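Read through the structure below, which is laid out as structure tokens, and then see the notes.
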Amino acid sequence: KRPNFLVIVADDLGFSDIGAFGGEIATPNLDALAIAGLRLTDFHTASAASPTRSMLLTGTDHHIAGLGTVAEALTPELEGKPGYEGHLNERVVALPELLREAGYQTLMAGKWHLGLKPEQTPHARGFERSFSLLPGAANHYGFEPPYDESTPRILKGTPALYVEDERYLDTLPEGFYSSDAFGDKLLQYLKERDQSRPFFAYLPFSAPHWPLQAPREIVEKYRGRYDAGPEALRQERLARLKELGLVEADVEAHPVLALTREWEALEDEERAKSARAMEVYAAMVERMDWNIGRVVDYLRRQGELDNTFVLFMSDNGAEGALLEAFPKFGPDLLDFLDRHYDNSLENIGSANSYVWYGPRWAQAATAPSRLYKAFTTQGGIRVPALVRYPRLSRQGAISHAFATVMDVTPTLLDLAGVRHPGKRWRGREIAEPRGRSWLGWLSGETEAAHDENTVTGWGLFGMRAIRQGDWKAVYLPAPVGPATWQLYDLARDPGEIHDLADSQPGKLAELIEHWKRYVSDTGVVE
Ligand SMILES: [Ca+2]
Ligand SMILES: [Cl-]
Ligand SMILES: [Cl-]
Ligand SMILES: [Cl-]
């Protein structure tokens, strides 16, 4: 009995949004998985979507795999460089390619974000069956603005570009809502499976990523729930994180840093609309969880769930971006949205609204961590994760053992009884995994998969981190940080509040050495 796999990825879901991670959002299906399984409080991704996904499916660093930066930010000084191709590339072999070789039915419904051309599709990279959004985002209902020269760059880069296998779709199914479509499709594939062989089911939702949109009936259930604002929410989340044992009672949360007005400085109409966006966000997360529950309910009724290794994670920190703030060259976003969408209060959450919830709502969900998505601080890279598989010894608990997204490919190969092919595959030199199999740790033979000498690097958008054991050095450039290395003891200071660069210069110098090894071994160009 080799197990099935179900790998579910939420897009920009915050650490404490789910019930079992301290949240007020109704997420019964994930809660059941989480509490029965093992909740990870020290699991890490990259600081953005496509780099994480590249890592999840290869077991190595994103700077090797083709996503050295995000496809959308490829300049002339990076384009051409090895591992900056903007898609999953020729120097790695993807997890599903390997499982498919070894008998698995490879099934996917969700966001891809690992390439847009036929040769880069889930179908080209080892999925037998796939229903996929190829870009990093799109309107959840398939409502499209006009595409021409006057269109903001962020919109141009996020069309509703869907493929099913090799067919680039002409229209979308009737009543399309991304999360429901992905649920419908994976369920179709699972119902149509060869019941006698195992599956690798990949369910990368695009919820709860902007634009924030969800069925009215679900939005209505959160009416008034967020009227006290993101700081009142953050305080709630912190108290619950402590009560549940996910964060230690004495942890000091990092201060909230945002350039927007705080809740109490907002006019009544601005508040109502910002609260409505968080309600919509909450609805997206509940609807995602509902779709996950349809998938899981079917597996359970088939007698397969207990023999399915279930991994759930978010792909990066909660999204605190202000889309209007980035001097993305080209046409003005807000002015465009003003002419083509309706963001009045009663419309927010529909197909022809386009909202994001901004930095303070995001910091409520990353707390006690510092900042949010696209930073290399813990806010942007520490994400919620659960593993549910009853054969493992470590279930029903909260673990603070360090782990990364690079661990997942090796863990799953290990469980499938498939050896990584080493340095060659299909007549081509390839990278080997930098992660480590969780199986020792999760079977109870070891206390963790890594130890005090494990070294890990992150690098994206000009930011850096390097970690050894619990010691982490961070580099944030201007204007969002001091453009120097700061040193943190994550065991004592999970908030990354107390810079120890002057107190422990030897420790810092050691980490800077590791940082350079990282740069040279993964091919970081900054
Ligand atoms: Ca994401
Ligand atoms: Cl329904
Ligand atoms: Cl309780
Ligand atoms: Cl525990």
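Please note that chains go A, B, ... in the order of the structure tokens, that every chain numbers its residues from 1, and that ligands are numbered from 1 in the order shown.
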
Near residue 342 (chain A), counting only C-alpha atoms, which residues have an atom at most 8 Å away, once you skip same-chain residues fewer than 6 positions from it, shown as a VMD selection string? chain A and resid 348 352 to 354

Could the residues in this selection be saved with N, CA and C atoms as an mmCIF file, in the first residue's frame?
```
data_model
loop_
_atom_site.group_PDB
_atom_site.id
_atom_site.type_symbol
_atom_site.label_atom_id
_atom_site.label_comp_id
_atom_site.auth_asym_id
_atom_site.auth_seq_id
_atom_site.Cartn_x
_atom_site.Cartn_y
_atom_site.Cartn_z
ATOM 1 N N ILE A 348 -18.703 45.505 -3.620
ATOM 2 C CA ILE A 348 -17.463 44.852 -3.293
ATOM 3 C C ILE A 348 -17.659 43.391 -3.095
ATOM 4 N N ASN A 352 -17.335 42.445 -10.948
ATOM 5 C CA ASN A 352 -16.872 43.771 -11.521
ATOM 6 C C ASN A 352 -16.435 44.762 -10.416
ATOM 7 N N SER A 353 -16.004 44.211 -9.260
ATOM 8 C CA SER A 353 -15.207 44.955 -8.235
ATOM 9 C C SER A 353 -13.761 44.460 -8.320
ATOM 10 N N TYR A 354 -12.818 45.281 -7.893
ATOM 11 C CA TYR A 354 -11.452 44.837 -7.845
ATOM 12 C C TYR A 354 -10.843 45.470 -6.585
#
```

**OP:** Would you please give, as a PyMOL selection string, all residues of region 320-505 of chain A that DSSP assigns to strand (DSSP E or B) based on the backbone?
**Re:** chain A and resi 382+385-388+398-399+403-404+424+429+455-460+463-468+471-475+485-489

Contact table region 213-237 of chain A vs region 131-144 of chain A, cut-off 10 Å, shortest pair per residue, only C-alpha atoms, as a Markdown table:
```
| residue | atom | partner | partner_atom | distance |
| --- | --- | --- | --- | --- |
| A:213 | CA | A:140 | CA | 6.5 |
| A:214 | CA | A:140 | CA | 8.0 |
| A:215 | CA | A:141 | CA | 9.9 |
```

Just write the chosen residues, N, CA, C and O atoms, as a PDB file, in the first residue's frame.
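out.pdb, written as the output of this step:
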```pdb
ATOM      1  N   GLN A 213     -13.095  38.446  -4.069  1.00  0.00           N
ATOM      2  CA  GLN A 213     -14.382  38.156  -4.722  1.00  0.00           C
ATOM      3  C   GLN A 213     -14.862  36.806  -4.261  1.00  0.00           C
ATOM      4  O   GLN A 213     -14.081  35.891  -4.140  1.00  0.00           O
ATOM      5  N   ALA A 214     -16.141  36.712  -3.971  1.00  0.00           N
ATOM      6  CA  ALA A 214     -16.767  35.522  -3.375  1.00  0.00           C
ATOM      7  C   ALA A 214     -18.271  35.608  -3.453  1.00  0.00           C
ATOM      8  O   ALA A 214     -18.855  36.696  -3.472  1.00  0.00           O
ATOM      9  N   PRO A 215     -18.942  34.456  -3.437  1.00  0.00           N
ATOM     10  CA  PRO A 215     -20.401  34.433  -3.474  1.00  0.00           C
ATOM     11  C   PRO A 215     -21.094  35.288  -2.406  1.00  0.00           C
ATOM     12  O   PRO A 215     -20.747  35.208  -1.231  1.00  0.00           O
TER      13      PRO A 215
END
```

Would you mind listing what lies within 9 Å of region 248-255 of chain A as a PyMOL selection string, with only C-alpha atoms counted and same-chain residues fewer than 5 positions away left out?
-> chain A and resi 238-239+241-243+367-371+492-497

File of the preceding selection, N, CA and C atoms, as a CSV table (one decimal), in the first residue's frame:
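In the end it all went to selection.csv:
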```
chain,number,residue,atom,x,y,z
A,238,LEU,N,-3.9,37.2,18.1
A,238,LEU,CA,-2.8,37.0,19.0
A,238,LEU,C,-3.2,36.2,20.3
A,239,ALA,N,-4.3,36.7,20.9
A,239,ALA,CA,-4.9,36.0,22.1
A,239,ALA,C,-5.2,34.6,21.8
A,241,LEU,N,-4.0,32.7,19.2
A,241,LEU,CA,-2.7,32.0,18.9
A,241,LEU,C,-2.0,31.5,20.2
A,242,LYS,N,-2.1,32.3,21.2
A,242,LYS,CA,-1.5,32.0,22.6
A,242,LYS,C,-2.3,30.9,23.3
A,243,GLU,N,-3.6,31.1,23.4
A,243,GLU,CA,-4.5,30.1,24.0
A,243,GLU,C,-4.4,28.7,23.4
A,367,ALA,N,0.7,38.2,12.3
A,367,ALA,CA,1.3,38.5,13.7
A,367,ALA,C,1.4,37.1,14.4
A,368,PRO,N,2.4,37.0,15.3
A,368,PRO,CA,3.4,38.1,15.7
A,368,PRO,C,4.6,38.4,14.8
A,369,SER,N,4.6,37.8,13.6
A,369,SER,CA,5.7,38.0,12.7
A,369,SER,C,5.8,39.4,12.1
A,370,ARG,N,7.0,39.7,11.7
A,370,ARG,CA,7.3,41.0,11.1
A,370,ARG,C,7.0,41.0,9.6
A,371,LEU,N,6.1,42.0,9.3
A,371,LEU,CA,5.6,42.3,7.9
A,371,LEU,C,4.8,41.1,7.2
A,492,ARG,N,14.4,33.2,20.7
A,492,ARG,CA,14.0,34.2,21.7
A,492,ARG,C,13.1,35.4,21.1
A,493,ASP,N,13.1,35.6,19.9
A,493,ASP,CA,12.5,36.9,19.3
A,493,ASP,C,11.9,36.5,17.9
A,494,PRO,N,10.8,35.8,17.9
A,494,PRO,CA,10.1,35.4,16.7
A,494,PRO,C,9.6,36.6,15.9
A,495,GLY,N,9.4,37.7,16.6
A,495,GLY,CA,9.0,38.9,15.9
A,495,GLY,C,10.0,39.7,15.1
A,496,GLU,N,11.3,39.3,15.3
A,496,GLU,CA,12.5,39.9,14.6
A,496,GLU,C,12.5,41.4,15.0
A,497,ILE,N,12.4,41.6,16.3
A,497,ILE,CA,12.4,43.0,16.9
A,497,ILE,C,13.7,43.4,17.3
```

Considering only C-alpha atoms, tabulate each residue of region 459-512 of chain A that lies at most 12 Å from region 47-58 of chain A along with its nearest interatomic pair and the corresponding distance in Å to one decimal; arrange the rows by chain and ascending residue number and present them as a tab-separated table.
```
residue	atom	partner	partner_atom	distance
A:459	CA	A:47	CA	8.4
A:460	CA	A:47	CA	7.4
A:461	CA	A:47	CA	9.3
A:462	CA	A:47	CA	11.6
A:463	CA	A:47	CA	9.7
A:464	CA	A:47	CA	10.2
A:465	CA	A:47	CA	10.5
```

(message) Residues contacting ligand 1 - anything with an atom at most 7 Å away, using only C-alpha atoms and all ligand atoms - can you give me those as a PyMOL selection string?
(response) chain A and resi 11-12+48-49+209+315-316

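The gap separating CA of residue 29 (chain A) from CA of residue 235 (chain A) is 25.1 Å, in Å to one decimal.
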
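The set of residues in region 439-508 of chain A assigned to helix (DSSP H, G or I) by DSSP, using only backbone atoms of this structure, is residues 439, 440, 441, 442, 505, 506, 507 and 508 of chain A.
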
Using only N, CA, C and O atoms, please write the residues we just selected to a file, as a short mmCIF file (atom, residue, chain, number, x, y, z; two decimals), in the first residue's frame.
```cif
data_model
loop_
_atom_site.label_atom_id
_atom_site.label_comp_id
_atom_site.auth_asym_id
_atom_site.auth_seq_id
_atom_site.Cartn_x
_atom_site.Cartn_y
_atom_site.Cartn_z
N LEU A 439 10.34 12.04 6.66
CA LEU A 439 9.81 10.74 7.09
C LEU A 439 10.39 10.28 8.41
O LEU A 439 9.67 9.71 9.24
N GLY A 440 11.66 10.60 8.64
CA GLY A 440 12.34 10.26 9.91
C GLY A 440 11.66 10.94 11.09
O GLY A 440 11.22 10.30 12.06
N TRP A 441 11.52 12.24 10.94
CA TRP A 441 10.83 13.11 11.91
C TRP A 441 9.39 12.74 12.17
O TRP A 441 9.02 12.52 13.31
N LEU A 442 8.61 12.59 11.11
CA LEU A 442 7.18 12.29 11.23
C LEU A 442 6.84 10.85 11.66
O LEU A 442 5.79 10.61 12.29
N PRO A 505 28.52 40.06 16.70
CA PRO A 505 29.06 40.29 15.35
C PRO A 505 29.70 39.02 14.73
O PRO A 505 29.67 38.85 13.51
N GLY A 506 30.30 38.16 15.55
CA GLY A 506 30.84 36.89 15.08
C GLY A 506 29.80 35.98 14.48
O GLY A 506 29.99 35.46 13.37
N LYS A 507 28.67 35.82 15.19
CA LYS A 507 27.53 35.07 14.64
C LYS A 507 27.09 35.66 13.33
O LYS A 507 26.88 34.95 12.39
N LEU A 508 26.99 36.97 13.25
CA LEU A 508 26.56 37.64 11.98
C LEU A 508 27.53 37.42 10.82
O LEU A 508 27.12 37.17 9.70
#
```

For this session: Name each residue within 12 Å of ligand 2, counting only C-alpha atoms and all ligand atoms, as a PyMOL selection string.
Result: chain A and resi 175+177+179-181+183-184+214-218+287+290-291+294

* Asked: Neighbours of residue 38 (chain A) within 12 Å (only C-alpha atoms; same-chain residues fewer than 2 positions away dropped), as a PyMOL selection string?
  -> chain A and resi 20-21+30-36+40-43+246+309-313+384-390+392-401+441-442

Could the residues in this selection be saved with C-alpha atoms as a compact mmCIF listing (two decimals), in the first residue's frame?
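After the write, selection.txt holds the following:
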```
# COMPACT_ATOMS: atom_id res chain seq x y z
CA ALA A 20 -7.21 25.66 13.99
CA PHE A 21 -4.51 28.37 13.50
CA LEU A 30 -9.35 22.20 7.29
CA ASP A 31 -9.90 22.34 11.04
CA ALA A 32 -10.66 18.60 11.06
CA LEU A 33 -7.49 17.86 9.08
CA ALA A 34 -5.37 20.24 11.15
CA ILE A 35 -6.36 19.10 14.60
CA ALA A 36 -6.13 15.40 13.68
CA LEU A 40 3.58 23.33 11.73
CA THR A 41 4.48 26.71 13.17
CA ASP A 42 8.04 26.87 11.68
CA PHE A 43 7.31 25.87 8.06
CA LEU A 246 0.66 28.02 18.50
CA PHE A 309 -0.95 11.94 2.78
CA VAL A 310 -2.69 15.34 2.95
CA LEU A 311 -0.53 18.48 2.92
CA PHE A 312 -2.06 21.91 3.19
CA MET A 313 -0.06 25.14 3.08
CA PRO A 384 0.65 27.81 8.02
CA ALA A 385 0.99 24.18 7.10
CA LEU A 386 -0.55 20.91 8.19
CA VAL A 387 0.26 17.30 7.42
CA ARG A 388 -2.57 14.75 7.85
CA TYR A 389 -1.55 11.11 7.39
CA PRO A 390 -2.51 8.64 10.10
CA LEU A 392 2.86 8.71 10.86
CA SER A 393 3.67 8.77 14.50
CA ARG A 394 3.59 12.61 14.92
CA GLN A 395 -0.15 13.46 14.57
CA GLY A 396 -2.53 15.47 16.78
CA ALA A 397 0.12 18.02 17.87
CA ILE A 398 1.62 21.40 17.13
CA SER A 399 5.27 21.26 16.08
CA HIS A 400 7.77 24.12 16.03
CA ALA A 401 10.49 22.09 14.21
CA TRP A 441 10.83 13.11 11.91
CA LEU A 442 7.18 12.29 11.23
```
